[PDB]
Each structure stands twice: as structure tokens, then as C-alpha cells.
Amino acid sequence: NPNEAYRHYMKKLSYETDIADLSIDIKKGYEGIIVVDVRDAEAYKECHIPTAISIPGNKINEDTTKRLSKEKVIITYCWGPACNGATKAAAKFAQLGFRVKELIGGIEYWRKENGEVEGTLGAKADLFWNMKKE
Amino acid sequence: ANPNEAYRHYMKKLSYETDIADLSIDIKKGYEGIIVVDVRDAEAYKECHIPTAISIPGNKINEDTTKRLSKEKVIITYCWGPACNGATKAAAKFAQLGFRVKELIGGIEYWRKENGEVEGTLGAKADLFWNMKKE
Amino acid sequence: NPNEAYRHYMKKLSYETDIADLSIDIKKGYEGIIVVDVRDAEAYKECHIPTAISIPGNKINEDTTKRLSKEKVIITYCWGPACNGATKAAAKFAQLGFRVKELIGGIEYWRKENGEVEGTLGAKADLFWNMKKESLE
Ligand SMILES: [Cl-]
Ligand SMILES: [Cl-]
């Protein structure tokens, strides 16, 4: 029924955010969020989203987030739609008592949507995770 | 989890959405039990949209703009693609209006990547993705 | 609240797996999973994921799954993000009593993430589903 549907979509929206919404908070300098790149350290060093900090997914714990305020909202992101990293991170952040949303689209679509990137390689970095690279 | 719980989950998920495949079918056979609604900006629509689809910007979904729509048909909302949440937000507003709705995963982005035809001013010449930098 | 949030995220993962996780399973030779390609038979024969068996979604039932172990886990995959195949498939498998998870990204992102492909056309096969090829097949 309509009511059940409404609750469903709203709830789904409460656990996520898209490239468009993020691009606005960054552009307006909203400080109510902390953008966290949960991919590999070297991946972040080569290319990452503006204002984002690095915290590889397997490194999320009390020590690596001691400086993060529980008053803000954590936005996690991985490579893209084909990655589950952002989701695994969200669970860990949540377990640590944070309010968290996962970015849908990842850095892949942030770039496809013509977003700016920072890093050692920038727009020259690989668009996708390379399963064979390692 | 166990099969019983798994079955419920997957079925439920399927009840709130639909893919490019199922859409193309109802469009090919001219099914009229649906109303394809483009939620993106008015300009994007006019430039390139899915066949049989109407234009209703997400931020404009309300009683006034949905007065000619029949609660008898099923609403199918769609935005740019996997990176957009428009279709989802649109579904909530539509369900809030007492409608029966489903969001289209893939957006018009995959409708094209899947050799789908489009109508509009620029047609297949329109940009594939949303441009953050465009004013 | 954090508590509910944790339950939500954990449950979402319990019904899926990604390219990365599957690649590690294929490489480590894990036998606790059964990769099932749910697309059209022809598509599979042309290009599919290593160690995966062909079982078209519309052809899933007790006859085609009789020789599959219930002790393992079924991983379904369709073309990609814009497909519901794997999800419809998961449901049927769950109805048959199997433990199952769907692969997000499908074969599309498997190949994009530089994955190996086996089949007739291999890496030369089409990357996306062709809406027109249907009438022609
Ligand atoms: Cl108005
Ligand atoms: Cl692409």
C-alpha cells in the first residue's frame, strides 16, 4: 500500500546520498559531514574527492576515528556501484556510534558527472578498480 | 539468512522497482497500465527522454501536477542513472500522494547503453551523464 | 540511531557480494559457493565468469537445481546494475531452500574491473544487453 511504500523509500534515502547532493554540500562548504574515502591508501593518494579524508575500510576503528565528531554525519564512498566497500564501512562506523550514509555511485560517478578531483594523478587515475593490478 | 527470510527480502525489493528490460517490454507492447515519469529537470527532458515518458521535475511532484494522473495506473519514475537518487525521492512523493509507484533502476543512462531509442531535441546527441559544472 | 543502522547495513550485505569479494573466492579456489549465470544461455556460452554454471532465470526450478548442494551458497549474476535478473533469480533459489546472494555489478563490472572471461567471444563479446537483439532471438 502507499503508506508502506512511503516508509520504504524514505528509509532507503536515510541511509544514502547521491553525487548531486554531495556536490552541493561540498560546494557550499557545509561542515555537517565528513567525507571518508574507504578505498586503499594508494588509491586515495592518486585520486580522491575534494575535502575527503582517507581511512581504508579495514582500518576503521576507535583509533583511526578518534578525531571525528559524533555530531556530524559520516559519508563513506568506495570505487563505485560494483563495490561494497562503502557499505562495509558504514556498518563499522555505525558500530562505533556514528551517524552514517553511504555514497551511491562512488568516485567513479563523481568523475563521470564531471566532478573535480585531487591527488597525485587526478583525472589521469584509473576510473575502475583493477582486480589484477596487485 | 534462512531461505524464508531471503525470499521475503528479494520479493519485496522487486516490488518497489523495475529494470530497463521490463520497461522496454511494456513500451514495445504499448501497455497502458503504467505512466513513465521523467523526474530530471525540464530542460534535460526536452533534450532527450524515454518514449511515452512525461515530464514532471521531482521537486514539482504534488497534487497540482499529478491531477491528470490516474491512481489506476502504476507510476514508473526515472532519473539520470545509478548515481542519482531522484527516482527514489520521486517514488516517495508519489506514494505519499496515494499512488502505486516503482523506481526504474539504471535511469535513462542504461536505457541508452542498452540500445534504447530516445525522443527529444538532441536525441542520442544529448549528454549521457549529469554535468555538475553546467549552470 | 546507530544500533538500527548497524543492523540495516549488515543485513544488506547478507544478501549480496561484490566483484572484489567474488574475485578473491575464484582465486583462492573457495568451494563454498556456486556461481550461477542467470542470463540467456547464448550469452553465457559467448562470455561468462570462470567457474560459473549456466542456469537461465526463467529455467530455474527443482529439475535444474537438483544436483546442487544445499550446503553451499548460490551467487547469481546478470548483465549489470540495470538488471533485475539476479534478484529475481535469488528469490526462486530462496524458494527452493537454497542460501543465496546476488552479485552487484554483474558481468559488466566484472570485466571492467579487469576480470578474466571464458567463452566463444570472450573479451570480444558485447558488454551491454541489446534491446533489439531480443526480437532477433
Ligand atoms: Cl509552483
Ligand atoms: Cl562506462
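Letters A, B, ... are given to chains in the order of the sequence lines, protein chains preceding strands, and every chain is numbered from 1. Only this structure's heavy atoms are used, side chains among them; waters, hydrogens and symmetry mates stay out.
Around the NZ atom of A/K45, the shell of radius 6.0 Å holds no more than 12 heavy atoms that belong to other residues, nucleotides or ligands.
Between A/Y15 and C/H8, the two ring planes are parallel [angle under 30°; tilted spans 30° to 60°].
Among residue pairs with one or both ends in residues 98-119 of chain B, those qualifying as ring-ring contact (aromatic ring centres under 6.0 Å, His included) are B/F94-B/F99; sequence neighbours excluded. Among residue pairs with one or both ends in residues 72-133 of chain A, those qualifying as disulfide (SG to SG under 2.5 Å) are A/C78-A/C83; sequence neighbours excluded.
At a cut-off of 3.5 Å, with distance as the only test, no side-chain donor of B/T77 or B/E103 sits close to an acceptor on the other residue.
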Are A/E16 and A/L103 close enough, and set up right, to give a side-chain contact (heavy atoms from CB on, under 4.5 Å), and what steps lead you there? CA-CA 6 Å; A/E16 58 183 67; A/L103 181 75; over 6 Å; no
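Shown here are the side chain to side chain contact (heavy atoms under 4.5 Å, CB included) partners of B/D22, two or more places apart in sequence or in another chain: B/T18, B/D19, C/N84, C/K88.
When all heavy atoms are compared, the tightest approach of B/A95 to A/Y6 is CB-N, 3.9 Å. Residues B/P82 and B/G106 share a closest heavy-atom pair of CD-O, 3.9 Å.
Within the 4.5 Å cutoff, the side chain of B/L69 has heavy atoms near those of the B/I54 side chain. Using a 4.5 Å cut-off on side-chain heavy atoms (C-beta onward), B/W130 and A/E113 make contact.
Residues C/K11 and B/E5 are paired through a salt bridge, judged by an N-O separation under 4.0 Å between the basic side chain and the carboxylate.
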